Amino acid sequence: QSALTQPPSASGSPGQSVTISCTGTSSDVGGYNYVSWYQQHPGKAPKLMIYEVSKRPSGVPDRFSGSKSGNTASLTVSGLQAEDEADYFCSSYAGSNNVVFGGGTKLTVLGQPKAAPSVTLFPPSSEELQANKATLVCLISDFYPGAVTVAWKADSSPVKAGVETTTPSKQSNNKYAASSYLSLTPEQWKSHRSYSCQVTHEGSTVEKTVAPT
């Protein structure tokens, strides 16, 4: 439970405007004009975007603006660009030398057309087999929207366990990638004629196969 309340998510299309709200009370957002907003890309240091409700640091583009009405502050991004996809956190002085924050809003930039996945399937390495383990690695790339399911087969039989699949996340080129792993014993790997990884994306499937031989 964050001290300030923000919608978990917001979205818009390139060139559009999006507004993100931040609800506090009179002990913080409504008690002072010390409201700040920070931008955070994944794995990066947060960056100051807005301070004292509506002021912009040098170097923040003018399409970011801030306002507040009573106990609620708002960040508006005009002319949305793909790079604005990020998490945004509001903040306020709260008295008693305290600074409080919101829970974050993930801003998604939409309008991307459909893109089909590519699938790359790797067999276990010699080194892993010598460690008495075997992991097949199925890498799925370059797709949009970011939703897939992954099915594994031993020969033609759907596997009964040992699968771990990641949630899709963005590539550098703004399409999605995901990964899936099939854990086997070396004996299982060597005793079937082939294994397959099949990805389902928007009603279509791509399947790759590998063989120990």
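Residue indices: 1-based, along the sequence shown.
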message: Per the record, averaged over C-alpha atoms, which has the higher B-factor: 86 to 94 or 107 to 115?
response: 107 to 115
Selected stretch [higher average CA B-factor]: 175 to 183 or 27 to 35: 27 to 35
message: Using only the C-alpha B-factors in the record, can you name which of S125, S141, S74, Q81 has the highest?
response: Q81
statement: Residue set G66, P168, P46, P158, per-entry CA B-factor max assigned to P46
- line: Entry-reported C-alpha B-factor of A10 relative to its chain, by third, is highest
query: Considering only modelled residues of the same chain, in which third does the CA B-factor of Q130 rank: lowest, middle or highest?
result: middle
task: Within this chain's modelled residues, let me know which third the CA B factor of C197 belongs to: lowest, middle or highest.
output: lowest
- prompt: Split the chain's modelled residues into thirds by Cα B-factor; is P42 in the lowest, middle or highest one?
  reply: highest
query: Going by the entry, which third of its chain does the Cα temperature factor of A211 land in?
result: highest
